[PDB]
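Enquirer: Structure file final.cif (mmCIF, C-alpha atoms) is given on the next line.
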```
data_work
loop_
_atom_site.group_PDB
_atom_site.id
_atom_site.type_symbol
_atom_site.label_atom_id
_atom_site.label_comp_id
_atom_site.auth_asym_id
_atom_site.auth_seq_id
_atom_site.Cartn_x
_atom_site.Cartn_y
_atom_site.Cartn_z
ATOM 1 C CA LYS A 1 114.972 125.229 98.864
ATOM 2 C CA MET A 2 118.049 123.109 98.065
ATOM 3 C CA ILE A 3 118.701 119.364 98.451
ATOM 4 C CA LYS A 4 121.876 117.234 98.550
ATOM 5 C CA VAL A 5 121.951 113.867 96.741
ATOM 6 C CA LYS A 6 124.413 111.140 97.798
ATOM 7 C CA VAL A 7 124.801 107.412 97.044
ATOM 8 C CA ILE A 8 124.606 104.842 99.864
ATOM 9 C CA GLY A 9 128.053 105.255 101.470
ATOM 10 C CA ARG A 10 129.210 107.632 98.707
ATOM 11 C CA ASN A 11 130.345 110.512 100.947
ATOM 12 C CA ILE A 12 128.392 113.396 99.371
ATOM 13 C CA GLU A 13 127.828 116.307 101.781
ATOM 14 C CA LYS A 14 126.162 119.462 100.414
ATOM 15 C CA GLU A 15 124.401 121.843 102.835
ATOM 16 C CA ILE A 16 120.946 122.811 101.512
ATOM 17 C CA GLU A 17 118.539 125.700 102.201
ATOM 18 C CA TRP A 18 114.773 125.051 102.283
ATOM 19 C CA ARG A 19 111.398 126.457 101.159
ATOM 20 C CA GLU A 20 107.997 125.204 102.382
ATOM 21 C CA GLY A 21 105.417 122.746 100.993
ATOM 22 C CA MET A 22 107.944 120.404 99.337
ATOM 23 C CA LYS A 23 108.312 116.811 100.584
ATOM 24 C CA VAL A 24 110.962 114.053 100.599
ATOM 25 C CA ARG A 25 109.125 112.465 97.647
ATOM 26 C CA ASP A 26 109.147 115.658 95.547
ATOM 27 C CA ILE A 27 112.846 116.252 96.304
ATOM 28 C CA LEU A 28 113.416 112.584 95.392
ATOM 29 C CA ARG A 29 111.278 112.736 92.230
ATOM 30 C CA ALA A 30 113.347 115.852 91.447
ATOM 31 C CA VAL A 31 116.273 113.553 90.589
ATOM 32 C CA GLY A 32 114.177 111.192 88.440
ATOM 33 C CA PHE A 33 114.117 108.776 91.398
ATOM 34 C CA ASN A 34 111.355 108.876 94.039
ATOM 35 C CA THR A 35 113.567 106.749 96.317
ATOM 36 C CA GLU A 36 112.965 103.479 94.431
ATOM 37 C CA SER A 37 116.507 102.057 94.514
ATOM 38 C CA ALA A 38 117.109 102.584 98.255
ATOM 39 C CA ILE A 39 115.343 103.348 101.555
ATOM 40 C CA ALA A 40 115.088 107.155 101.817
ATOM 41 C CA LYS A 41 116.262 108.154 105.315
ATOM 42 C CA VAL A 42 117.240 111.478 106.927
ATOM 43 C CA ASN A 43 119.064 112.268 110.192
ATOM 44 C CA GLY A 44 119.726 108.517 110.520
ATOM 45 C CA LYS A 45 115.935 108.052 110.554
ATOM 46 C CA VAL A 46 114.174 106.111 107.774
ATOM 47 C CA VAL A 47 111.026 107.391 106.033
ATOM 48 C CA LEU A 48 108.740 106.600 103.072
ATOM 49 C CA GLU A 49 108.745 108.215 99.605
ATOM 50 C CA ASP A 50 105.715 110.229 100.777
ATOM 51 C CA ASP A 51 107.394 111.141 104.088
ATOM 52 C CA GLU A 52 107.846 114.918 103.725
ATOM 53 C CA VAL A 53 111.449 116.020 104.373
ATOM 54 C CA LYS A 54 112.919 119.084 106.121
ATOM 55 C CA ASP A 55 116.190 120.299 107.682
ATOM 56 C CA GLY A 56 117.324 120.217 104.036
ATOM 57 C CA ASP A 57 117.205 116.426 103.564
ATOM 58 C CA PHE A 58 119.713 114.977 101.076
ATOM 59 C CA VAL A 59 118.799 112.768 98.095
ATOM 60 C CA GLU A 60 119.747 109.068 98.232
ATOM 61 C CA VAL A 61 119.480 107.341 94.837
ATOM 62 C CA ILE A 62 121.117 103.946 94.206
ATOM 63 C CA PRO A 63 120.984 100.291 95.371
ATOM 64 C CA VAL A 64 121.192 101.016 99.119
ATOM 65 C CA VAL A 65 120.378 97.369 99.911
ATOM 66 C CA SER A 66 122.634 95.011 101.899
ATOM 67 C CA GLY A 67 122.479 91.468 103.326
ATOM 68 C CA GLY A 68 124.273 91.186 106.690
#
```
Is it possible to express this structure as structure tokens?
Expert:
Amino acid sequence: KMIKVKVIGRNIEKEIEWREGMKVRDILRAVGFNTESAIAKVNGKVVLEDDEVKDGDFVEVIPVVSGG
């Protein structure tokens, strides 16, 4: 299983395989960041740190906040 990490609006594309049993959180905690500085979201959809991930979700880590 592989994951791609990118910063909010950083432009980091990296196809990723997959395994079975993992979960968005795990993948996130795999980068020393369980999605604390940003709202983890995949396929344009948002999820929680415990929201399992699939389709090879990426890894967002960094102040993804914004006030519009």
Enquirer: Between A:32, A:21, A:68, A:44, single out the one closest to residue 5 of chain A, counting all atoms listed in the file.
Expert: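 Looking at the shortest contact to residue 5 of chain A, the residue is A:32.
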Enquirer: Grab the atom CA of residue 3 of chain A to atom CA of residue 63 of chain A distance for me, in Å with one decimal place.
Expert: 19.5 Å
Enquirer: Would you list the contacts of residue 14 of chain A as a compact mmCIF listing (two decimals) with C-alpha atoms, keeping the file's coordinate frame, taking every protein, DNA or RNA residue within 7 Å and counting all atoms listed in the file, but skipping same-chain residues closer than 2 positions in sequence?
Expert:
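Written out: selection.txt:
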```txt
# COMPACT_ATOMS: atom_id res chain seq x y z
CA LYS A 4 121.88 117.23 98.55
CA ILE A 12 128.39 113.40 99.37
CA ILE A 16 120.95 122.81 101.51
```
Enquirer: Have a look at A:1, A:46, A:59, A:64 and name the one nearest to residue 22 of chain A; count only C-alpha atoms.
Expert: A:1
Enquirer: Given the file shown, determine the residues that the PyMOL selection byres ((chain A and resi 65) around 12) selects; report them as a ChimeraX atom specification.
Expert: /A:7-9,36-40,60-64,66-68
Enquirer: State, in Å with one decimal place, the distance from atom CA of residue 48 of chain A to atom CA of residue 24 of chain A.
Expert: 8.2 Å
Enquirer: If the box runs along x, y and z of the file and leaves 3 Å on each side of segment 51-55 of chain A, what are its centre and edge lengths in Å, one decimal, as AutoDock Vina command-line options?
Expert:
```
--center_x 111.8 --center_y 115.7 --center_z 105.7 --size_x 14.8 --size_y 15.2 --size_z 10.0
```
Enquirer: Given the file shown, determine the residues that the PyMOL selection byres ((chain A and resi 42) around 9) selects; report them as a ChimeraX atom specification.
Expert: /A:40-41,43-47,53-55,57-58
Enquirer: Can you work out the spacing between atom CA of residue 6 of chain A and atom CA of residue 49 of chain A in Å, to one decimal?
Expert: 16.0 Å
Enquirer: Please output segment 14-29 of chain A, rebuilt to include N, CA, C and O atoms, as a CSV table (one decimal), keeping the file's coordinate frame.
Expert:
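Output file part02.csv follows:
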```csv
chain,number,residue,atom,x,y,z
A,14,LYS,N,126.4,118.2,101.1
A,14,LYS,CA,126.2,119.5,100.4
A,14,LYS,C,125.1,120.2,101.2
A,14,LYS,O,123.9,120.1,100.9
A,15,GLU,N,125.4,121.1,102.1
A,15,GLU,CA,124.4,121.8,102.8
A,15,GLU,C,123.3,122.2,101.9
A,15,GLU,O,123.4,122.3,100.7
A,16,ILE,N,122.1,122.5,102.4
A,16,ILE,CA,120.9,122.8,101.5
A,16,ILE,C,120.0,123.8,102.2
A,16,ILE,O,119.7,123.6,103.4
A,17,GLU,N,119.5,124.7,101.6
A,17,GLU,CA,118.5,125.7,102.2
A,17,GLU,C,117.2,125.0,102.4
A,17,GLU,O,117.1,123.9,102.9
A,18,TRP,N,116.1,125.7,102.1
A,18,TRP,CA,114.8,125.1,102.3
A,18,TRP,C,113.7,126.0,101.7
A,18,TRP,O,114.0,127.1,101.4
A,19,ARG,N,112.5,125.6,101.7
A,19,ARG,CA,111.4,126.5,101.2
A,19,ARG,C,110.1,126.3,102.0
A,19,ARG,O,109.9,127.0,103.0
A,20,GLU,N,109.3,125.4,101.6
A,20,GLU,CA,108.0,125.2,102.4
A,20,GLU,C,106.9,124.6,101.5
A,20,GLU,O,106.5,125.1,100.5
A,21,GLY,N,106.5,123.4,101.8
A,21,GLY,CA,105.4,122.7,101.0
A,21,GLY,C,106.0,121.5,100.3
A,21,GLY,O,105.3,120.6,100.0
A,22,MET,N,107.3,121.6,100.0
A,22,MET,CA,107.9,120.4,99.3
A,22,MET,C,107.7,119.1,100.2
A,22,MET,O,107.0,119.1,101.1
A,23,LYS,N,108.5,118.1,99.8
A,23,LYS,CA,108.3,116.8,100.6
A,23,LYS,C,109.4,115.8,100.1
A,23,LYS,O,109.7,115.7,98.9
A,24,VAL,N,109.9,115.0,101.0
A,24,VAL,CA,111.0,114.1,100.6
A,24,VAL,C,110.7,113.5,99.2
A,24,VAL,O,111.5,113.6,98.3
A,25,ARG,N,109.5,113.0,99.0
A,25,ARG,CA,109.1,112.5,97.6
A,25,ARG,C,109.5,113.5,96.6
A,25,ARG,O,110.4,113.3,95.8
A,26,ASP,N,108.8,114.6,96.6
A,26,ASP,CA,109.1,115.7,95.5
A,26,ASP,C,110.7,115.7,95.4
A,26,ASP,O,111.2,115.4,94.3
A,27,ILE,N,111.4,116.1,96.4
A,27,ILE,CA,112.8,116.3,96.3
A,27,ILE,C,113.4,115.0,95.6
A,27,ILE,O,114.2,115.1,94.8
A,28,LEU,N,112.9,113.8,96.0
A,28,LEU,CA,113.4,112.6,95.4
A,28,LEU,C,113.0,112.6,93.9
A,28,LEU,O,113.8,112.4,93.0
A,29,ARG,N,111.7,112.7,93.6
A,29,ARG,CA,111.3,112.7,92.2
A,29,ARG,C,112.0,113.8,91.5
A,29,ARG,O,111.9,113.9,90.2
```
